[PDB]
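Following: one structure in structure tokens, then a few remarks.
Every residue, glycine as well, gets a Cβ built from its backbone with ideal geometry; the counts of neighbours run over all protein chains shown. Every read-out reported here was derived from the displayed coordinates using simple, explicitly stated rules and does not represent laboratory data.
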Amino acid sequence: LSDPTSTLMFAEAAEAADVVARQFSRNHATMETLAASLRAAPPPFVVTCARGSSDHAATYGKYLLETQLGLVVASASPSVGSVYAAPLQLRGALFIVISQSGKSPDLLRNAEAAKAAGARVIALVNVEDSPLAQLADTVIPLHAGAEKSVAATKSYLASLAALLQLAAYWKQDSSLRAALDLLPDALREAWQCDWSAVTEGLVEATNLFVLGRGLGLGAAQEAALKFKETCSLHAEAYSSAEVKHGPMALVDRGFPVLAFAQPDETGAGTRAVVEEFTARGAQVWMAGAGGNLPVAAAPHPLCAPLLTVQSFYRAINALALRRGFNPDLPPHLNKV
Amino acid sequence: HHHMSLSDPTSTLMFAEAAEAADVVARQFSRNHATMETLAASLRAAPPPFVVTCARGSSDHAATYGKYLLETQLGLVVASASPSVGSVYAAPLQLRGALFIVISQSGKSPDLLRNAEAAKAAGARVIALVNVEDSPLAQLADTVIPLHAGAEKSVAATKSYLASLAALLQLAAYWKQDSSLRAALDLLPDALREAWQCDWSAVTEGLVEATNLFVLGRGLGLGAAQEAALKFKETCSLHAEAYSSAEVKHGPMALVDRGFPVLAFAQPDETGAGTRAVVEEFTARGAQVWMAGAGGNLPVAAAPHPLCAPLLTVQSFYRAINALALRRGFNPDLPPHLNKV
């Protein structure tokens, strides 16, 4: 269509700032109670349990809790069908299930097993009366409302925001707490960032790397999923820590790079790496670290990936339509 | 410099070094027996609260096997501190008493060294699975497990990756005191020899003109899929991407059209909805779907124990991908993007 604003993906992504504001207001005391309980009985480590977009949120959760609380974060394996020669030793661990609908039988079985093993199960979940919420020791509703687009947007940003409020309150980080009050306005600014250069440059694309590292890796993972689902583009997320492998093998004219960088110039590789990509004739866009894509000013560095994703949703919505796809309908059913 | 021929798959360093893998595993198990018994007894006497792995490249794929191996066999949660998924700035994590396993062929990577120093300073027990025994990584470690793979001159790692999987398996067998797994390890070198003879020429020939591909694995097989995808990228200039078979509704199915190639690695003992359930939709969408394991159309060697199956799949895959690289005009022995013949 000729009006990018007319998609549900656009309307729902635009809601994210209001979603985050009301989520933090509604969940404040519940999060404080959970945070106090974790300080009183510190878990030995954390486990995230999630699929799809929610697992890309778990990637961000890992970075947040490892860097801010100093706790190791592992991933559960809900739908892998492992047979345990030994029960998994989860006693006292914090077991974080992230799920939009909270109904996946695999997630439920994994959460039940974690509880039986003595873990504390918390659910970051949008559907508050879901089977997962009923199971959890503590429920953190995402408060994202209904998503009618098949493309997840505000629900993913809400998952990141809930992890951030958990980290802020658990840590008692007064600086991050103050930045949470500023985060909705920053998301509103991020929604206005002009990423038309990458929309225009990818109309004819057939391959892409989305690079990220550390704080922004989960955002790169989600961006690549969005390119696959809405644009029928083989975008692949890749850690810039491993740029000497896949990206150095394949980046070329006709195989471009979108990089999410932190202000310390990490997330795209070194200057020499980017220069090699450019010398090959590859298009390279970078959001962050003075890159050629404009980004909103983050009120706290840990907020930055939410802003990056908020900006990217507008660019990818526009790109889907330019490529002849309706981002509100499933792949293979959405060519216009 | 080594000289090869595009018309002779047996002429590459990748072929010669992958062919060594069985000999490597046999001698590694013999040379490391006493060290492994000592380490395993010490871990039983002081059980760690959990495990953390740390690795780069193909070693990270081996660490992913280690996750599912130790979670299912020892019941220990395994997390990653690999540079791929970790912070730029090595910092203290709450690791007191945890087993911190670093896997590295050369043992020199500065950020692996920093992460291991951080783990030791935080009270972790650092063990290094390393091919270079006098490397900085080995010197830091509390226990060194040499891979005994010898010199690997191909840019494409083969025997060092298989040796890393094997070392994890011997550790798990000795630590768990699993007599059936111990006995199976005696048969593993010969099973690798059988795997090296499996005929995958059909998928080699089928992918000569491919541009994009998904490699699928699950649990114990996920690291194998990741290793295969990396080899496709580097040796063949093919945009292959690895996915967990549990995630196909979040990415891979979106791109699959008629003829889109999918290579699925299956375990021999899958229960419930597994690889065949996922391959079913791929075939309903007309993808070109190959499967190794579970009665699929790419033959695999009989596994002496299900935990061995991913090693046998990769051993076979290495022959197929070496041949595919040559058919596509590339020397798998030379660096990525610089290896067109």
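Neighbours of A:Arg22, meaning other residues whose beta-carbon lies under 15 angstrom from its beta-carbon, give a summed charge of -3 when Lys and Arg score +1 and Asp and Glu score -1.
Put simply, the stretch B:1-81 fits an ellipsoid with semi-axes of 34, 18, 10 Å; these come from the alpha carbon gyration tensor as the roots of five times its eigenvalues, largest first.
Rg/Rh, computed from the Cα trace of the stretch B:141-220 with Rh as the Kirkwood radius, has the value 1.05. Between the stretch A:1-43 and the stretch A:264-336, what is the C-alpha centre distance in whole Å? When both Cα centres are located, 22 Å separates them. Ordering B:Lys159, B:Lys108 from the fewest to the most neighbouring beta carbons within 10 Å gives B:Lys108, B:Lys159.
Across the stretch B:204-254, the fraction of Cα-Cα pairs farther apart than 19 Å, rounded to a whole number, is 25%.
For the protein assembly as shown, the Kirkwood radius over C-alpha pairs fed into Stokes-Einstein at 25 °C and 0.890 mPa s yields D = 97 µm² per second. Based on Cα atoms of the stretch B:195-328, Rg over Rh with Rh as the Kirkwood radius reads 0.93.
Secondary structure note: in the protein assembly as shown, about 5% of the DSSP beta bridges are antiparallel.
The separation of the stretch A:237-254 from the stretch A:110-189, counted between C-alpha centres, amounts to 32 Å. Arranged from fewest to most other beta-carbon atoms within 10 Å of their beta carbon, A:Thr266, A:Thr206, A:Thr67 become A:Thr206, A:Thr67, A:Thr266. P(r) tail, the stretch A:53-116: Cα-Cα pairs separated by more than 17 Å, 46% of all pairs. Shown for B:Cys54, B:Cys236: other C-beta atoms within 10 Å of each C-beta, ranked fewest to most, produce the order B:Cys236, B:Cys54. Our Cα-only numbers for chain A put the radius of gyration and Dmax at 19.6, 57 Å. In the calculated pair distance distribution of the stretch A:8-189, what percentage of Cα-Cα distances lie above 30 Å? Result for the distance tail: 14 percent. Cα-based radius of gyration for the stretch B:150-268, normalised by 2.2 N^0.38 Å, reads 1.22. Within 11 Å, Cβ to Cβ, of B:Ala302, how many net charges do the neighbouring residues add up to if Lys/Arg are +1 and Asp/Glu are -1? Result for the neighbourhood of B:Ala302: -2.
At q = 0.12, 0.14, 0.24 Å⁻¹, what is the log10 ratio I(q)/I(0) for the stretch A:88-175, with the Debye formula run over Cα points and no solvent? Relative scattering, expressed as log10 I(q)/I(0), comes to -0.38, -0.51, -1.16. Scaled to the globular estimate 2.2 N^0.38 Å, the Cα spread of the stretch B:259-325, given as radius of gyration, is 1.15. Seen against the Cα atoms of chain B and their longest principal axis, helix B:179-196 is set at about 40 degrees.
Over the residues of chain A, the helix contribution to mean residue ellipticity at 222 nm works out to -15000 deg cm²/dmol, using -39500 (n - 2.57) for each DSSP H run of at least 4.
Straight-line reach from A:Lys244: taking Cα to Cα under 30 Å and skipping same-chain neighbours fewer than 8 places apart, the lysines in range are A:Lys62, A:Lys226, A:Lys228, B:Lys67, B:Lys108, B:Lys120, B:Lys153, B:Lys159, B:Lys231, B:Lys233, B:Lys249, B:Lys340.
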